[PDB]
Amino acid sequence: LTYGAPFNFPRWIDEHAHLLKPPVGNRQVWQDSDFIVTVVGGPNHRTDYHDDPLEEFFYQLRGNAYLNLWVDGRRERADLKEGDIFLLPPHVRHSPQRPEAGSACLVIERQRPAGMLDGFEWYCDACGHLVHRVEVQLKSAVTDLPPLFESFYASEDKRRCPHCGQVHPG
């Protein structure tokens, strides 16, 4: 048993409640596994949309959150009310908002094989055009992602909309 014995999940969540809040906000259950199993807390808001080449499974265990999405070309909102499960198809752009303190969502995805890339995108609040997109070989979420986001926030050139010139707030 490379990942240990079964264990009580609510107890696990309580014991890590101090990570399920800012600044870290999320914690991965098992390490070096093909299934990436994460518990995400709150509060947290973000402006980035994730373009994940594989599926994402959500189970909102405690509290509520929601997913800003793009569907057919429209800004839509998928609610994760407490007790909801959701399976997100590949490449559906999504920006999870987790406003509630003390909330917990089980998120399961899997390791991306070599050459299968994740995208992170920002759209313009004014005209809705794509503002900036970074493709990344996601090997470690908590590690390849903060500095990527920091560079977008720190460059007005990246935040500048190619269509209307509005500078995204970051």
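Heads up: residue numbers just count along the shown sequence, starting at 1.
Stretches compared: 40-48, 65-73. Higher mean C-alpha B-factor in the entry: 65-73.
Look at the C-alpha B-factors of 157-165 and of 12-20. On average they run higher in 157-165. Considering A114, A126, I108, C105 together, the PDB entry gives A126 the largest C-alpha B factor. Among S33, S140, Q28, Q60, the highest C-alpha B-factor recorded in the PDB entry belongs to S140.
Compared with the other modelled residues of the chain, the Cα B-factor recorded for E56 ranks in the lowest third. Placement of the Cα temperature factor of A101 within the chain: lowest third of the modelled residues, per the deposited record.
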